[PDB]
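**Q** here's my sequence, what's the structure:
(7 chains, ligands or ions: 28)
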Amino acid sequence: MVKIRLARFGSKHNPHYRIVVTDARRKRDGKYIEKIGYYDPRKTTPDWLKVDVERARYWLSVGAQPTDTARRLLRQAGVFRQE
Amino acid sequence: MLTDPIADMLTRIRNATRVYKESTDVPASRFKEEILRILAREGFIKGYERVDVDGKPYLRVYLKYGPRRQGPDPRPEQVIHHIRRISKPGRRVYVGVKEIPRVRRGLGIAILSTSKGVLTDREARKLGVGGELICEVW
Amino acid sequence: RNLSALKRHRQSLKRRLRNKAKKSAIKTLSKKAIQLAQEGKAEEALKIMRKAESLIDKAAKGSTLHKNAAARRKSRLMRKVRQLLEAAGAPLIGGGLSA
Amino acid sequence: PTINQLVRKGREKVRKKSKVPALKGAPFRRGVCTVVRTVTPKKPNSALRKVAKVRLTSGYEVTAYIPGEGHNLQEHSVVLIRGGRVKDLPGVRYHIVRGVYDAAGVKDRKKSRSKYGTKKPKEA
Amino acid sequence: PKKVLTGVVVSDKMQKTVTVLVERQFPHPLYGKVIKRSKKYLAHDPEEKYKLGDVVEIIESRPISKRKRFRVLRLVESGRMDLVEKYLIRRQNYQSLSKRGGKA
Amino acid sequence: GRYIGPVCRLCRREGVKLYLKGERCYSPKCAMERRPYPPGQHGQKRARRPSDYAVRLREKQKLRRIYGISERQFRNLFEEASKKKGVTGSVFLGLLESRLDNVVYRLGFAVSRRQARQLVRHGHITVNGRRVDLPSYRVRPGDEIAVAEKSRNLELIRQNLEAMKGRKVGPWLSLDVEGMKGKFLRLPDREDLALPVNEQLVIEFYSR
RNA sequence: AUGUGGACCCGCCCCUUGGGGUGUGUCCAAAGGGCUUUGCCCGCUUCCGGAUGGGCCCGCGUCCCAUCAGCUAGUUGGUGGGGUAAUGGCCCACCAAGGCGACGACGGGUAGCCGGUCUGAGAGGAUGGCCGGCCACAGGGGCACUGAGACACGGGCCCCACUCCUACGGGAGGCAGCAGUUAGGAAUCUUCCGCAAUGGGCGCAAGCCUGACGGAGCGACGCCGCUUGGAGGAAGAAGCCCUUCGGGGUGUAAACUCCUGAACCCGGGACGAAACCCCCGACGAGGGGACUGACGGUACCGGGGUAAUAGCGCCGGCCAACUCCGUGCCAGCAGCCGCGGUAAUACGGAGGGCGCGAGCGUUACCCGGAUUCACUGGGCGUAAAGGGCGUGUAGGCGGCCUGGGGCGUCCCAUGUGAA
Ligand SMILES: [Mg+2]
Ligand SMILES: [Mg+2]
Ligand SMILES: [Mg+2]
Ligand SMILES: [Mg+2]
Ligand SMILES: [Mg+2]
Ligand SMILES: [Mg+2]
Ligand SMILES: [Mg+2]
Ligand SMILES: [Mg+2]
Ligand SMILES: [Mg+2]
Ligand SMILES: [Mg+2]
Ligand SMILES: [Mg+2]
Ligand SMILES: [Mg+2]
Ligand SMILES: [Mg+2]
Ligand SMILES: [Mg+2]
Ligand SMILES: [Mg+2]
Ligand SMILES: [Mg+2]
Ligand SMILES: [Mg+2]
Ligand SMILES: [Mg+2]
Ligand SMILES: [Mg+2]
Ligand SMILES: [Mg+2]
Ligand SMILES: [Mg+2]
Ligand SMILES: [Mg+2]
Ligand SMILES: [Mg+2]
Ligand SMILES: [Mg+2]
Ligand SMILES: [Mg+2]
Ligand SMILES: [Mg+2]
Ligand SMILES: [Mg+2]
Ligand SMILES: [Mg+2]
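**A** Residues are numbered from 1 along each chain as shown, chains lettered A, B, ... in the order given. Ligands and ions are numbered 1, 2, ... in the order given. Take a look at the structure below.
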């Protein structure tokens, strides 16, 4: 199906992910559908998580499924405003 | 036949100036006329006029030259150092306004024909059109 | 050796045999209807075509035909059947046909 | 040519003709040394030049120059070939790598030592 | 937008099909001279209605046979065998060009 | 690399007085002082009119050997000031003078650029409180260049920063002799430098 | 059986290629499991819609040879049928006699294409290796099965070649998956660690699988950063330089003038990891310490502390850098011009010098310079180059004036030009 995961784009020992809409069958680092955020897991930058929250709602509305870790960051930006 | 009227005129001029003639006759065309309008207004000749030669229409073209210089070879400096037909039959040349050449860093002109009419480059860059590049005349 | 997913091959056979019968049923039932229609036996001929359209859709319930592979086989069938009954026939039972 | 002619025919480009058929265009070829002859140079020079017919693993049969002083190149010694026309011998367009396999490198040189493949003098 | 082309019927010897000669002028990449060029299309004529000679519009269609993916849209101007002739003559010069002579 | 050999033999080859011995090329013995002919068993014979190449060359080894930099770093620098906006000539010198090994020499912490290099390499110098041990680190404007808390009491610093009392620094540095912390105010301009070097050649040399 | 609905044949209307509505007739549905058990969870059937992925069709672009000029029989079209998810000569019977080609068909040679890469002032030239996209293959040839999807690399059948087992009848195989061996070759790595991170399959979940992956290993192969810090004389058992066993330079350059402190030693020691899950709220509530680190005790931080690797090419001109000796068209150098024949800055050593420096040189190949295939940008009286001359086909090119169209040309807006 279509998913929302992380595609690793850093350097050796330097990870930087790209929250991405993509067909699961596709390579991890190959041609995705749309970028909807980035994640720096080491918080070396004061802005280490961005999310186009408007857009996430669009892909979650046509049935994108996130991974456990992608779901984390979506909640942190408050994609699903559980309130 | 004649295969190129504009080139022909541009040459007749170039030839006649090298021998410092007064005027020079070129057979008449609404198009050629529209070009000499530019050559006058940009200051390369004194002007043209529709004289009729053997009951057939021509265009006397009165040429300008610099002042009588000194030393050996007193002949004056040309006002027209250079004049060259660019788009020719079987080799049509078109520029969009982004691609119009600045001739000689602007010390000379490039006549070109557009859907707005026959203009210089500075003129056609003003109105934002391009077209058939007709010649340089620095 | 012996990847235990040659069990997949054991099943392909079991399936292949299941499909292959349903096809032959449709095939020898569809000829029977055409051949009953090329004789004016209109009552018997629709009694059998009606049965054949049924096995057609049934066989399209599982993976054997699915899709418009079935639709097509029904289109080709009722079209052939009606024409032949139109060489002098009058659809008596007129089961699966609408006129 | 007219413009219509450039359109019809056109320009034609230039082929590289390699002055070294070290077959696969490799940078070196191994070869088994056959004749270890001696050739007299041409036009304006005189000497006894040391050449070697070499049987290539590329199936080739080419002659190559033995640079340096003396060699040790027997009827069946094995050797490595590189590029290098020798202006003075015609037909000779390769060199031998002194210091590899049977072609022991020149001895006692103190200057251009990475050519001629002489190790560091133990002068330390 | 299904591509649409304008061209000349040059063949009617087929059943329900016409050959159309679509010309296309365009400037040359390196030398910039404007060059004519042409290509033939087999086009669907459902009623053997378009006769040899006229100019038609060709429209991109669902495939109909091998090498035949256009139907004839509408006639533009009727007969003009000057173009067929130009084409018929071009074809006949091949009569030479071989191992001997031919018709010039 | 870094060259690192006999220096006051280059004072002589370029023929222009050079300060590689930092303290010593001032007193009457930079070797230049009363021996200005080039080295070798040939430094006294007469020089033939050099080819335009040699001129361009010598003008480049001059500039490079002033800053004690490997040709690898140098060309990589010039090619950056070529790509950079503005006059390709002077931008170069501003980059060379933005090198932290040089800034530490310009701020009078060591006497030569050489000794200055070794003070960076040994982490005696801080930029903006943090230690830095890279002679090629590029100081930016607004970067205060201090001296290591550990090394404040060290012999060579006490001596070398003392003689800085009274002296003036460039109109693009601002040192404070008290806390031993200068600051990089501004990228130096061509007239700010007294380099006996014609960069116009150095440019031309690489345009070959 | 049930008919929410959908499929088929005739129709009816809208639409216009097989799009949507509609009537008669016919035909078609289903699966159970778990429970903190009668209501929750994960499933199941038919239909519409979305999203993702893909099939097919068309315009245009896409190397060399004309010492390959004619090519074509399912070949081109038609009706009808077969096949398919679907168009189609994809396939089949019957009919017509067509189709393609100098704007290069047919043939041969070569080659995965591209985003890009290298070069060039640019136009252009060269290329397609890592990374990303598409295609094709999985010892060679062919074929179908299963299925949403395959003509299926670690699935099936047959034939061919190779290897292995063989009781001689018959059987087993397929690293162009990670590693590794072997052969060939100028030349190309560890049978390593790990499921911690990201991603995939399955599972309600706990989890399981994952040589995808994240890491470490080897190799100056590449790029980048960095160290070797520097103040002093000169007796040849065959081995310290420069006018004959003779005239200065090396050279501020040292085996030791102080300073700092690579290696090394001692102690602290990480980011990468918060989710899945448990717990309150409704089985996603700002509580989970529930737990998780291969790299690795490494990066990094603090203390102790030693003066501590330099090599390679070149020095006739192009081309930065010169002298002494040996050698005498010999030994040899050489990219091109060239040097060696007794006085050699060219060979071989030496001293000195120039260039670069953990690298420096050689060879190979590409672009450059080369305006030397010239569009930008070349030529043809004698330097290479006007056809022996004509006639004329196709093609290219086309005097003055007016009017219509807007194909070329120009302008604005817009979609696309992924990473
Ligand atoms: Mg199973
Ligand atoms: Mg039923
Ligand atoms: Mg190939
Ligand atoms: Mg194999
Ligand atoms: Mg399935
Ligand atoms: Mg199937
Ligand atoms: Mg498989
Ligand atoms: Mg395998
Ligand atoms: Mg071998
Ligand atoms: Mg996982
Ligand atoms: Mg790996
Ligand atoms: Mg944490
Ligand atoms: Mg939480
Ligand atoms: Mg010189
Ligand atoms: Mg030499
Ligand atoms: Mg001599
Ligand atoms: Mg010499
Ligand atoms: Mg380095
Ligand atoms: Mg060129
Ligand atoms: Mg060029
Ligand atoms: Mg030209
Ligand atoms: Mg020429
Ligand atoms: Mg001649
Ligand atoms: Mg003649
Ligand atoms: Mg005209
Ligand atoms: Mg238009
Ligand atoms: Mg746009
Ligand atoms: Mg892009």
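**Q** find the helix or strand that the residue of chain A found nearest RNA strand G is a member of.
**A** Per Cβ to the nearest atom of the strand, residue A:30 is where chain A lies closest to RNA strand G, at 2.4 Å. Every C-beta, even on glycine, is put in place using the N, C-alpha and C of the backbone. For residue A:30, there is no enclosing helix or strand under DSSP states H and E.
**Q** which residues touch it?
**A** Neighbouring residues of residue A:30 by Cβ atoms under 8 Å, 6 or more residues apart in numbering or on different chains: there are none.
**Q** what does residue D:94 give?
**A** Contacts of residue D:94 by Cβ under 8 Å, 6+ apart are D:20, D:22, D:54, D:62, D:63, D:64, D:65, D:81, D:82, D:83, D:84.
**Q** what's the first-to-last distance across stretch E:25-32?
**A** 12 Å (Cα to Cα, to the nearest Å).
**Q** any idea how far it is from the middle of the chain?
**A** Taking Cα atoms, centre = their mean, to the nearest Å, one finds stretch E:25-32 lying 22 Å from the centre of the chain it belongs to.
**Q** which residues belonging to stretch A:11-28 are considered buried?
**A** A:16, A:17, A:18, A:19, A:20, A:21, A:22, A:26 (16 or more other Cβ atoms under 10 Å in any protein chain shown).
**Q** residue 62: what's its closest spatial neighbour, skipping adjacent residues?
**A** You didn't pick a chain, so chain A it is. Spatial nearest neighbour of residue A:62, chain neighbours left out: residue A:2 (7.7 Å); criterion: Cβ to Cβ, 6 or more residues apart in numbering or on different chains.
**Q** that's the wrong chain, I wanted chain E
**A** Per Cβ to Cβ, 6+ apart, closest to residue E:62 is residue E:69, 7.7 Å.
**Q** how about the helix or strand harbouring the one you found, does it get close to RNA strand G?
**A** Using DSSP H and E, residue E:69 sits within strand E:68-75. Yes - shown here: strand E:68-75 in contact with RNA strand G (Cβ under 7 Å from any atom of the strand) through E:68, E:69, E:71.
**Q** the second one contacts residue E:43, correct?
**A** No - the pair residue E:69 and residue E:43 does not pass the contact test of Cβ atoms under 8 Å, sitting 9.0 Å apart.
**Q** the two: which is more packed in?
**A** Shown here are residue E:69 and residue E:43; by other Cβ atoms under 10 Å in any protein chain shown, residue E:43 has more neighbours (26 against 18).
**Q** now the strand or helix carrying the more buried one and strand E:68-75, what's the angle there?
**A** Assessed by DSSP H and E, residue E:43 sits inside strand E:38-44. Here strand E:38-44 runs at an angle of 90 degrees relative to strand E:68-75 (axes from the mean of the first three to the mean of the last three Cα atoms, to 10 degrees).
**Q** chain center to strand E:38-44, what's the gap?
**A** The offset between the C-alpha centroid of strand E:38-44 and the centroid of the whole chain comes to 5 Å, using Cα atoms, centre = their mean.
**Q** next helix or strand past that strand?
**A** Note on strand E:38-44: by DSSP H and E, the next helix or strand toward the C-terminus is strand E:55-65.
**Q** get me the contact residues on chain E for chain D.
**A** Proximity of chain E to chain D is confined to E:28, E:30, E:31, E:33, E:35 under the rule Cβ under 8 Å from any Cβ of the partner chain.
**Q** if we go to 7 Å?
**A** E:28, E:31, E:33, E:35 (Cβ under 7 Å from any Cβ of the partner chain).
**Q** who's in contact with residue D:2?
**A** Listed by Cβ atoms under 7 Å, 6 or more residues apart in numbering or on different chains, the contact set of residue D:2 is empty.
**Q** 10 Å - rerun?
**A** By Cβ atoms under 10 Å, 6 or more residues apart in numbering or on different chains, the contact set of residue D:2 is B:90, B:91, D:8, E:33.
**Q** and for residue D:47?
**A** For residue D:47, the contact set (Cβ under 10 Å, 6+ apart) comprises D:38, D:39, D:40, D:41, D:88, D:89.
**Q** please, a PyMOL command that selects the buried ones among those?
**A** Restricted to buried positions by 16+ other Cβ under 10 Å, the PyMOL selection for these reads:
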select buried, chain D and resi 39+41+88+89
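**Q** so which of the contacts of residue D:47 are in helices?
**A** In helices, judged by DSSP state H, none of the contacts of residue D:47 are found.
**Q** could the contacts of residue D:47 be laid out in TSV, adding distance to RNA strand G?
**A** As requested, the contacts of residue D:47 are exported to TSV (distance: Cβ to the nearest atom of the strand, whole Å):
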residue	distance to RNA strand G
D:38	8
D:39	10
D:40	8
D:41	6
D:88	3
D:89	7
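**Q** the contacts of residue D:47 in strands, which ones?
**A** Secondary structure from DSSP state E places D:38, D:39 of those in strands.
**Q** which one of the residues of strand E:68-75 next to RNA strand G is nearest chain B?
**A** Distance to chain B across the residues of strand E:68-75 next to RNA strand G (Cβ to the nearest Cβ) is lowest for residue E:69, with 33.6 Å.
**Q** quick check: closest non-adjacent residue to residue 59.
**A** Went with chain A since none was named. Using Cβ to Cβ, 6+ apart and skipping residues adjacent in sequence, the residue nearest residue A:59 is residue A:21, 5.0 Å away.
**Q** that was the other one, I meant chain D.
**A** residue D:23 (7.8 Å).
**Q** correct me if wrong: that neighbour contacts residue D:30.
**A** No - judged on Cβ atoms under 10 Å, residue D:23 makes no contact with residue D:30 at a distance of 11.5 Å.
**Q** so what sits against both of those two?
**A** With Cβ under 10 Å, 6+ apart, residue D:23 and residue D:30 have common neighbours D:56, D:57, D:58.
**Q** may I see those arranged in a markdown table, with distance to chain B, secondary structure and neighbour count as well?
**A** Shown next, in a markdown table, are the shared contacts of residue D:23 and residue D:30 (distance: Cβ to the nearest Cβ, whole Å; DSSP: H, G, I helix; E, B strand; the rest coil; neighbours: other Cβ atoms under 10 Å in any protein chain shown):
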| residue | distance to chain B | secondary structure | neighbour count |
| --- | --- | --- | --- |
| D:56 | 54 | strand | 18 |
| D:57 | 56 | coil | 12 |
| D:58 | 51 | coil | 16 |
